[PDB]
Amino acid sequence: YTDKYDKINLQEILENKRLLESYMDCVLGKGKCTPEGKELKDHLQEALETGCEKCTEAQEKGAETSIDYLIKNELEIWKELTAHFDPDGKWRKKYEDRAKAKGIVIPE
């Protein structure tokens, strides 16, 4: 039911920036989405980058998941989150930590 845009979608959307545009109302405020869905996604996609990875269990599991598809497919989107949180690119090393300690294929 809420497999996309609405709610229980994280990775099924994160999988393609076009699908991001689908739950993008949740994240940025654009199209259509559900309030409860927005809350879960906001905290979680936050945990993905410079937000709070070590927050809740939902956020930590979610961070892992979202860090995975974003860095491995949707790199420009990542840069937008970067520009939103730390546009200085300071915590690139925490990104480094997050990605390469979990086993996300990034080059070093």
# chains A, B, ... in the order shown; residues from 1 in each chain; ligands from 1
$ select_by_dssp --residues "chain A" --states "helix (DSSP H, G or I)" --output "mmCIF file with N, CA and C atoms, in the first residue's frame"
data_model
loop_
_atom_site.group_PDB
_atom_site.id
_atom_site.type_symbol
_atom_site.label_atom_id
_atom_site.label_comp_id
_atom_site.auth_asym_id
_atom_site.auth_seq_id
_atom_site.Cartn_x
_atom_site.Cartn_y
_atom_site.Cartn_z
ATOM 1 N N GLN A 11 14.337 2.462 0.785
ATOM 2 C CA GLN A 11 15.240 1.952 -0.215
ATOM 3 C C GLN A 11 14.547 1.824 -1.567
ATOM 4 N N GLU A 12 13.231 1.642 -1.564
ATOM 5 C CA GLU A 12 12.495 1.384 -2.813
ATOM 6 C C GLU A 12 12.255 2.640 -3.554
ATOM 7 N N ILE A 13 12.590 3.684 -2.917
ATOM 8 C CA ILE A 13 12.585 4.938 -3.503
ATOM 9 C C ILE A 13 14.008 5.382 -3.755
ATOM 10 N N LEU A 14 14.859 5.230 -2.717
ATOM 11 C CA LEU A 14 16.286 5.608 -2.747
ATOM 12 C C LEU A 14 17.023 4.952 -3.921
ATOM 13 N N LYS A 17 16.746 8.235 -8.277
ATOM 14 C CA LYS A 17 16.399 9.655 -8.007
ATOM 15 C C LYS A 17 15.050 10.058 -8.581
ATOM 16 N N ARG A 18 14.589 9.322 -9.558
ATOM 17 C CA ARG A 18 13.266 9.550 -10.091
ATOM 18 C C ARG A 18 12.199 9.067 -9.086
ATOM 19 N N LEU A 19 12.528 8.005 -8.392
ATOM 20 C CA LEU A 19 11.684 7.507 -7.350
ATOM 21 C C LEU A 19 11.827 8.420 -6.127
ATOM 22 N N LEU A 20 12.986 9.077 -6.001
ATOM 23 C CA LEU A 20 13.190 10.052 -4.932
ATOM 24 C C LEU A 20 12.223 11.150 -5.115
ATOM 25 N N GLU A 21 12.105 11.597 -6.353
ATOM 26 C CA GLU A 21 11.127 12.583 -6.744
ATOM 27 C C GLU A 21 9.703 12.143 -6.357
ATOM 28 N N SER A 22 9.469 10.830 -6.331
ATOM 29 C CA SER A 22 8.212 10.281 -5.837
ATOM 30 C C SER A 22 7.983 10.552 -4.304
ATOM 31 N N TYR A 23 8.957 10.253 -3.407
ATOM 32 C CA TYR A 23 8.704 10.539 -1.949
ATOM 33 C C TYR A 23 9.380 11.862 -1.549
ATOM 34 N N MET A 24 9.686 12.643 -2.534
ATOM 35 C CA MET A 24 10.417 13.871 -2.352
ATOM 36 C C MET A 24 9.625 14.880 -1.569
ATOM 37 N N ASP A 25 8.324 14.726 -1.532
ATOM 38 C CA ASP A 25 7.511 15.586 -0.696
ATOM 39 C C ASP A 25 7.784 15.306 0.767
ATOM 40 N N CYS A 26 8.137 14.070 1.056
ATOM 41 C CA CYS A 26 8.456 13.665 2.395
ATOM 42 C C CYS A 26 9.753 14.324 2.785
ATOM 43 N N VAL A 27 10.726 14.221 1.890
ATOM 44 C CA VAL A 27 12.042 14.738 2.167
ATOM 45 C C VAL A 27 12.157 16.251 1.943
ATOM 46 N N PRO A 35 2.284 12.321 6.259
ATOM 47 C CA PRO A 35 2.954 12.948 7.441
ATOM 48 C C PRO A 35 3.839 11.976 8.242
ATOM 49 N N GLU A 36 3.257 10.858 8.650
ATOM 50 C CA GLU A 36 3.957 9.817 9.405
ATOM 51 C C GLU A 36 5.163 9.309 8.614
ATOM 52 N N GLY A 37 4.957 9.174 7.314
ATOM 53 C CA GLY A 37 5.994 8.755 6.431
ATOM 54 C C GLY A 37 7.115 9.760 6.396
ATOM 55 N N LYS A 38 6.761 11.037 6.404
ATOM 56 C CA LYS A 38 7.748 12.101 6.357
ATOM 57 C C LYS A 38 8.633 12.087 7.590
ATOM 58 N N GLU A 39 8.075 11.691 8.725
ATOM 59 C CA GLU A 39 8.797 11.744 9.981
ATOM 60 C C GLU A 39 9.837 10.668 10.019
ATOM 61 N N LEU A 40 9.432 9.491 9.597
ATOM 62 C CA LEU A 40 10.306 8.360 9.612
ATOM 63 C C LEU A 40 11.454 8.561 8.618
ATOM 64 N N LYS A 41 11.120 9.094 7.456
ATOM 65 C CA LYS A 41 12.087 9.333 6.405
ATOM 66 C C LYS A 41 13.017 10.474 6.744
ATOM 67 N N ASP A 42 12.488 11.535 7.338
ATOM 68 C CA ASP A 42 13.305 12.709 7.698
ATOM 69 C C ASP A 42 14.418 12.333 8.648
ATOM 70 N N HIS A 43 14.065 11.638 9.725
ATOM 71 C CA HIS A 43 15.046 11.213 10.743
ATOM 72 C C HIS A 43 16.068 10.243 10.166
ATOM 73 N N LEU A 44 15.599 9.376 9.321
ATOM 74 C CA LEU A 44 16.403 8.323 8.769
ATOM 75 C C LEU A 44 17.354 8.825 7.673
ATOM 76 N N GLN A 45 16.821 9.512 6.680
ATOM 77 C CA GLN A 45 17.649 10.069 5.616
ATOM 78 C C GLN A 45 18.632 11.134 6.193
ATOM 79 N N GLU A 46 18.257 11.724 7.329
ATOM 80 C CA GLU A 46 19.147 12.606 8.097
ATOM 81 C C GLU A 46 20.352 11.817 8.613
ATOM 82 N N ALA A 47 20.062 10.643 9.165
ATOM 83 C CA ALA A 47 21.061 9.744 9.742
ATOM 84 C C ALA A 47 22.012 9.232 8.685
ATOM 85 N N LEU A 48 21.566 9.305 7.451
ATOM 86 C CA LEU A 48 22.339 8.885 6.311
ATOM 87 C C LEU A 48 23.615 9.712 6.221
ATOM 88 N N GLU A 57 17.171 3.196 16.845
ATOM 89 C CA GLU A 57 17.418 1.938 16.179
ATOM 90 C C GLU A 57 16.936 2.054 14.740
ATOM 91 N N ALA A 58 15.835 2.786 14.574
ATOM 92 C CA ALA A 58 15.256 3.049 13.274
ATOM 93 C C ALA A 58 16.224 3.864 12.436
ATOM 94 N N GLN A 59 16.782 4.898 13.041
ATOM 95 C CA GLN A 59 17.746 5.737 12.371
ATOM 96 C C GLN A 59 19.030 5.006 12.063
ATOM 97 N N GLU A 60 19.571 4.246 13.017
ATOM 98 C CA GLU A 60 20.827 3.527 12.746
ATOM 99 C C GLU A 60 20.692 2.480 11.610
ATOM 100 N N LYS A 61 19.667 1.599 11.685
ATOM 101 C CA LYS A 61 19.385 0.584 10.619
ATOM 102 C C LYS A 61 19.127 1.287 9.285
ATOM 103 N N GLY A 62 18.483 2.399 9.405
ATOM 104 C CA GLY A 62 18.018 3.138 8.284
ATOM 105 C C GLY A 62 19.117 3.873 7.619
ATOM 106 N N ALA A 63 20.025 4.391 8.427
ATOM 107 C CA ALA A 63 21.204 5.056 7.949
ATOM 108 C C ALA A 63 21.961 4.105 7.083
ATOM 109 N N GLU A 64 22.241 2.919 7.622
ATOM 110 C CA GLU A 64 22.988 1.863 6.908
ATOM 111 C C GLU A 64 22.393 1.610 5.524
ATOM 112 N N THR A 65 21.095 1.475 5.503
ATOM 113 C CA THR A 65 20.350 1.173 4.302
ATOM 114 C C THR A 65 20.403 2.338 3.294
ATOM 115 N N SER A 66 20.150 3.509 3.767
ATOM 116 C CA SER A 66 20.135 4.657 2.922
ATOM 117 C C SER A 66 21.540 5.084 2.441
ATOM 118 N N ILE A 67 22.533 4.915 3.285
ATOM 119 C CA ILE A 67 23.920 5.179 2.926
ATOM 120 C C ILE A 67 24.314 4.255 1.775
ATOM 121 N N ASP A 68 23.805 3.031 1.834
ATOM 122 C CA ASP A 68 24.106 2.028 0.832
ATOM 123 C C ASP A 68 23.593 2.428 -0.557
ATOM 124 N N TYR A 69 22.293 2.663 -0.730
ATOM 125 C CA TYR A 69 21.847 2.884 -2.116
ATOM 126 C C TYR A 69 22.232 4.274 -2.654
ATOM 127 N N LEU A 70 22.332 5.253 -1.778
ATOM 128 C CA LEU A 70 22.636 6.601 -2.192
ATOM 129 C C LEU A 70 24.058 6.693 -2.734
ATOM 130 N N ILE A 71 25.016 6.197 -1.993
ATOM 131 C CA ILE A 71 26.407 6.309 -2.417
ATOM 132 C C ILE A 71 26.692 5.387 -3.619
ATOM 133 N N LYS A 72 25.963 4.300 -3.703
ATOM 134 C CA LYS A 72 26.206 3.313 -4.738
ATOM 135 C C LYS A 72 25.411 3.558 -6.000
ATOM 136 N N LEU A 75 24.608 9.522 -6.431
ATOM 137 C CA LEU A 75 25.696 10.351 -5.942
ATOM 138 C C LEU A 75 25.375 11.856 -5.946
ATOM 139 N N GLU A 76 24.616 12.334 -6.927
ATOM 140 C CA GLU A 76 24.342 13.773 -7.007
ATOM 141 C C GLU A 76 23.371 14.160 -5.914
ATOM 142 N N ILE A 77 22.499 13.227 -5.589
ATOM 143 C CA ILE A 77 21.549 13.414 -4.527
ATOM 144 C C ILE A 77 22.289 13.552 -3.215
ATOM 145 N N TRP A 78 23.308 12.712 -3.024
ATOM 146 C CA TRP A 78 24.149 12.774 -1.836
ATOM 147 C C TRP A 78 24.692 14.172 -1.648
ATOM 148 N N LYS A 79 25.193 14.725 -2.728
ATOM 149 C CA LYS A 79 25.792 16.039 -2.733
ATOM 150 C C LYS A 79 24.789 17.116 -2.316
ATOM 151 N N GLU A 80 23.517 16.904 -2.647
ATOM 152 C CA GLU A 80 22.462 17.817 -2.232
ATOM 153 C C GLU A 80 22.266 17.775 -0.714
ATOM 154 N N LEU A 81 22.324 16.573 -0.135
ATOM 155 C CA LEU A 81 22.227 16.426 1.324
ATOM 156 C C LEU A 81 23.421 17.060 1.976
ATOM 157 N N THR A 82 24.576 16.816 1.393
ATOM 158 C CA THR A 82 25.825 17.436 1.825
ATOM 159 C C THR A 82 25.651 18.956 1.863
ATOM 160 N N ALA A 83 25.185 19.527 0.760
ATOM 161 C CA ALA A 83 24.970 20.966 0.653
ATOM 162 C C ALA A 83 23.928 21.478 1.665
ATOM 163 N N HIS A 84 23.055 20.594 2.109
ATOM 164 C CA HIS A 84 22.014 20.937 3.065
ATOM 165 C C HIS A 84 22.561 20.935 4.495
ATOM 166 N N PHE A 85 23.367 19.938 4.836
ATOM 167 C CA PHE A 85 23.887 19.825 6.199
ATOM 168 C C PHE A 85 25.234 20.522 6.357
ATOM 169 N N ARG A 92 33.355 14.831 5.460
ATOM 170 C CA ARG A 92 33.634 13.912 4.379
ATOM 171 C C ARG A 92 34.333 12.685 4.947
ATOM 172 N N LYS A 93 35.055 12.894 6.035
ATOM 173 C CA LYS A 93 35.746 11.836 6.698
ATOM 174 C C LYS A 93 34.789 11.006 7.554
ATOM 175 N N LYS A 94 33.693 11.604 7.987
ATOM 176 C CA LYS A 94 32.719 10.846 8.740
ATOM 177 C C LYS A 94 31.908 10.039 7.736
ATOM 178 N N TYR A 95 31.727 10.620 6.558
ATOM 179 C CA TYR A 95 31.148 9.943 5.401
ATOM 180 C C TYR A 95 32.028 8.749 5.022
ATOM 181 N N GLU A 96 33.326 9.002 4.990
ATOM 182 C CA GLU A 96 34.368 8.007 4.745
ATOM 183 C C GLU A 96 34.205 6.856 5.753
ATOM 184 N N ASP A 97 34.142 7.235 7.036
ATOM 185 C CA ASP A 97 33.913 6.317 8.165
ATOM 186 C C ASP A 97 32.647 5.495 7.963
ATOM 187 N N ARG A 98 31.549 6.174 7.745
ATOM 188 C CA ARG A 98 30.247 5.550 7.552
ATOM 189 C C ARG A 98 30.222 4.587 6.379
ATOM 190 N N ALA A 99 30.754 4.999 5.274
ATOM 191 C CA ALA A 99 30.707 4.192 4.092
ATOM 192 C C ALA A 99 31.699 3.032 4.142
ATOM 193 N N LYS A 100 32.953 3.331 4.336
ATOM 194 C CA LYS A 100 33.972 2.336 4.167
ATOM 195 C C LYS A 100 34.126 1.396 5.391
ATOM 196 N N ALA A 101 33.524 1.751 6.521
ATOM 197 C CA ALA A 101 33.545 0.853 7.677
ATOM 198 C C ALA A 101 32.408 -0.152 7.584
ATOM 199 N N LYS A 102 31.341 0.233 6.895
ATOM 200 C CA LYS A 102 30.194 -0.655 6.712
ATOM 201 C C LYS A 102 30.422 -1.568 5.527
#
$ atom_distance --atom1 "CA of residue 7 in chain A" --atom2 "CA of residue 34 in chain A"
6.3 Å
$ atom_distance --atom1 "CA of residue 32 in chain A" --atom2 "CA of residue 1 in chain A"
14.2 Å
$ closest_residue --among "A:5, A:56, A:15, A:49" --to "residue 33 in chain A" --atoms "only C-alpha atoms"
A:5
